[PDB]
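# Commentary on secondary and tertiary structure
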Amino acid sequence: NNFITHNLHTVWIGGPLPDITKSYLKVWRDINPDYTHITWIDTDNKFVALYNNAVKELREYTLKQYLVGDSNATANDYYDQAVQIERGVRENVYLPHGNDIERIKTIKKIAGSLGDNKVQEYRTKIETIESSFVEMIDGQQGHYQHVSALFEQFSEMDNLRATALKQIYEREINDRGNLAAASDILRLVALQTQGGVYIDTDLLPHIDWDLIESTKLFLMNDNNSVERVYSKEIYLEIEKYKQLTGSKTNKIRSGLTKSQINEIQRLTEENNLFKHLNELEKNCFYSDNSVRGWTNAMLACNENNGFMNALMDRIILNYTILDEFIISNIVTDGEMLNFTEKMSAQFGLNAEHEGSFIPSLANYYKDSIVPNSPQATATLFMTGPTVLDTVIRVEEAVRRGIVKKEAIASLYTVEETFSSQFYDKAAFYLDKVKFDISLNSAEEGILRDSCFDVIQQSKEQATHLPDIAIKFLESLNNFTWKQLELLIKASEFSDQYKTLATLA
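This deposited entry lists X-ray crystallography as its structure determination method and 3.40 Å as its resolution.

In structure tokens form, the structure reads like this:
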């Protein structure tokens, strides 16, 4: 053969697959049936997702009691306690989470320590997870395969890389509980072991834009692409018409006309809208940089890919640097600059090309706890798309022709787009609302201004504000005419704002 093996790899780990994740995968099989569909699952790590939630619930409860005891405390004082709490609950030797058996005993221990009816609440969640995993394993029409066998299969090819990649995988599952970072590893292992195409579960196949042109209903774009204008709205109506199980489309709408919607609806019913995956050249690594930067959301390569090995080694080196960063106990911006040069001399890493990689390491245990710009989170630089982009640059891959751009999946889907909003000081007040902590005239004013700033950002589309933000806005009584006029525009796209629109 001269093309990459017809395998469509997918990764869902830590807990059972949500209704919409399964719904999205169905579409991919219906569009590409001549492909072997594989969804990598961890049967040995079924209660990671739930353990993570058990720790967060305790973290949030301890933070509420901290703010009660110590008022006037700043956001920096708050988030420093938040990281410290998460570290304590995970690093505590008498609360083990190494395996599913250990996790259950630790989960139950936190349930009793939490609330009055939190023991049964968590017992109920446990049984739901067990039941869903049983449905996956024994149930036919399941295209699932285990991670345990994948690593075993990769240890057979490259035990050196397999062993290092397993350590990093297991580290993100336990030490951090970052399921996405662990997925950033699995997606590479699958592609290097079996070969084929990896896609994020939050993506859907590309649609024929030549068919969208032929309708002549989508033309209003002079200094932009039809995709960057209409694609988000189109993938919303496709999903809404398809009425996918557990879809968010039931409570949201698009700014498309009756004429435009009616066209999408008939094309979806004709099922000639989605495009099948293109045949890709065997000895080549594929990705997409259509939306800014290269993404690890969609990848494609045949087994034992040269570039994949280069990318793997770099991720391995990143954790080698991290282990050295942790023990070095970097506090000041002073020690940071010394370390940057120390690693540039030790691992021959030329600075400024990735001048933001080493500073991002301070955010490793802060990630998913402390609100920070995704452009500054450690995960991106560690296993994410930033490390991929760096390898592409260093290896001169685009020029060498070993890495080529290919549009694999659309990132304009409802899932990818619908799933930080508030940051330092602003998100701190939002957490105060959650813990039933009263905000002063000034604090209430900063958050309201921030809530509306977020609604203005997504100019003419649905904004998914947290339930506690909506509860906060609903608790307020007098809004400016413009503020009220904006909440009206928001209600046309999202049903969360229908109560706030009732006000007029």
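Regions of empty space are outlined by a rolling probe, equal in size to a water molecule, passed over the atoms. The computed volume of the second largest pocket comes to approximately 580 Å³. Taken together, 18 residues form the lining of the second largest pocket, with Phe 325, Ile 330, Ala 362, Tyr 365 and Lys 366 sitting closest to its centre. At the level of secondary structure, the elements contributing two or more residues to the lining of the second largest pocket comprise helix 3 (75–91), helix 12 (306–328) and helix 13 (333–346). With four residues, the single largest contributor to the lining of the second largest pocket is helix 3. When grouped by side-chain class, the residues that make up the lining of the second largest pocket number 11 nonpolar, three polar and four charged.

Here the focus is the environment of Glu 152. Relative to the assigned elements, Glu 152 resides in helix 6 (residues 147–155). Residue class for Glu 152 comes out exposed when judged on its relative accessible area of 56%. Sequence separation between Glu 152 and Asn 309 is 157 residues; the distance between their C-alpha atoms is 17 Å.

One pass over the full model with this rule turns up 31 salt bridges. Notably, a salt bridge pairs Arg 171 with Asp 323, separated by 2.8 Å at the nearest N-O pair. Placement of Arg 171 in helix 7 (residues 159–176) and of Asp 323 in helix 12 is noted, with a sequence separation of 152 residues between them. Under the relative-accessibility criterion, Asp 323 is labelled partly exposed at 36%. When the shortest N-O distance is used, the salt bridge between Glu 460 and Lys 489 registers 3.7 Å. One end of the pair, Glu 460, is in the loop between helix 20 (441–457) and helix 21 (467–475); the other, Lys 489, is in helix 22 (residues 481–493), and 29 residues separate them in sequence. On the basis of relative accessible area, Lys 489 is assigned to the partly exposed category, the value being 36%. The network of salt bridges with common partners includes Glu 57, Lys 118, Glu 121 and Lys 125.

With that settled, the discussion passes to the nonpolar core. In terms of nonpolar packing, the biggest core is built from 56 residues, with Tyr 169, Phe 285, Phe 307 and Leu 311 touching the most fellow members. Top element by residues in this core is helix 12. It accounts for 11 residues. The contact partners of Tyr 169, leaving out residues within four places of it in the chain, are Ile 13, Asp 42, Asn 45, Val 147, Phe 151, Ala 182, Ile 185 and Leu 186. Core analysis: the next-biggest nonpolar cluster, separate from the first, contains 53 residues, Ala 111, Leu 430, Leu 439 and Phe 479 among them.

Put simply, helix 8 (residues 179–193) and helix 12 touch, their axes get as near as 11 Å, and they point 150° apart. Comparing the axis directions of helix 8 and helix 12 gives the class roughly antiparallel. Of the two possible hands of crossing, helix 8 and helix 12 adopt the one that is left-handed. Here helix 8 contributes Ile 185, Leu 188, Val 189, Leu 191 and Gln 192 to the contact with helix 12, which in turn contributes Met 308, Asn 309, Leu 311, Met 312 and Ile 315. Split into classes, the residues belonging to the contact of helix 8 with helix 12 amount to eight nonpolar, two polar and no charged.

This part takes up the domain arrangement of the chain. Along its sequence, the chain is carved into domain 1 (207–269) and domain 2 (426–502). The C-alpha centroid of domain 2 is placed 28 Å from the C-alpha centroid of domain 1. Between domain 1 and domain 2, the buried area comes to about 540 Å², and carbon and sulfur atoms account for 38% of it. Here domain 1 is connected to domain 2 by one salt bridge. For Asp 495, the salt bridge identified is with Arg 253, shortest N-O distance 2.8 Å. Counting the contacts that link domain 1 with domain 2 gives five residue pairs in polar contact. Class assignment for the residues of the side of domain 1 that touches domain 2 results in one nonpolar, three polar and four charged.

Cut-off values and rules
- Residues numbered from 1 in each chain as written, not as in the entry; some residues may be left out.
- Heavy atoms only, no water.
- 1 Å grid on protein atoms, 1.4 Å probe; cavity = no way out; pocket = protein on both sides within 12 Å on 5 of 7 lines; lining within 4 Å.
- Points joined across faces, edges and corners; volume = space filled by probe spheres on them.
- Helix = DSSP H or I, 4+ residues; strand = E, 2+ residues; numbered from the N terminus.
- Nonpolar A, V, L, I, M, F, W, Y, C, P; charged D, E, K, R; others polar.
- Buried < 20%, exposed > 50% of the residue type's maximum accessible area, 1.4 Å probe, protein only.
- Salt bridge = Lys/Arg side-chain N within 4 Å of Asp/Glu carboxyl O.
- Core = buried A, V, L, I, M, F, W, Y, C linked by side-chain atoms within 4.5 Å.
- Contact = heavy atoms within 4.5 Å.
- Axes fitted to C-alpha atoms, helices over the stretch in contact; angles between N-to-C directions.
- Parallel < 35°, antiparallel > 145°, perpendicular 65-115°, else oblique.
- Left-handed = near helix turned anticlockwise from the far one by under 90°.
- Domains from an automatic or database assignment.
- Buried area = accessible area lost by both parts, 1.4 Å probe.
- Polar contact = N/O pair within 3.5 Å; in protein donor to acceptor, adjacent residues only side chain to side chain.

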